[PDB]
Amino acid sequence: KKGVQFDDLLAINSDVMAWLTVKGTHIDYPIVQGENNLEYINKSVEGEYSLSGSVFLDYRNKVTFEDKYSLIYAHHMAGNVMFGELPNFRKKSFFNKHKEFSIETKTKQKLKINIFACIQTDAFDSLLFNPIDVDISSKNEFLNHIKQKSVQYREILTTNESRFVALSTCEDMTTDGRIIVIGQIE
């Protein structure tokens, strides 16, 4: 719970930079950003060694969620431990029922994200694991790339100023499989 832990985590590890909540799941966690994307494989939010590691914002993103595309990722262990419910978004009824997640930043800014796709892709997706590549792609290539890999999708109003947030980890039942749940910042 955020009220007991967030400030203290923030005080303990300057890598701590947001809190993530996804209604309909037990995803309700502090988020770190590392200096690279391997740092939190075997490191906890408190900054110590860990067998499961942590969920992390891509090192190339702005902590303020100002970028076009903010990628929140978990490696294999942390994904199984913390993001085990993401594949529920593959289910029609689940996807139609749970439509948002929210983030609170370290300056206590509150963001609401509107979910529009659940994606099945793999570790070698040419677009979605690089926020820089996304930033320099057109909105239409981004949305069509996503569309063709989506198991669930919904059309929502977008502008060219729209920002996106993706949550992702592995899906160990398919080859090099990755799941992505993506939304648009309210």
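All residue numbers refer to positions in the sequence shown, first residue = 1.
The PDB entry reports B-factors from which the mean C-alpha value can be compared for 145 to 153 and 34 to 42; the larger average falls on 145 to 153.
Mean C-alpha B-factor is higher over 136 to 144 than over the other stretch, the pair under comparison being 51 to 59 and 136 to 144.
Remark: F95 belongs to the highest third of its chain, ranked by C-alpha B-factor as recorded.
Looking at the C-alpha B-factors along this chain, the one for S168 belongs to the lowest third. When all modelled residues of the chain are sorted by CA temperature factor, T105 is found within the middle third. Ranked by C-alpha B-factor against the other modelled residues of its chain, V4 falls in the highest third. The PDB entry assigns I185 a C-alpha temperature factor belonging to the highest third of its chain's modelled residues.
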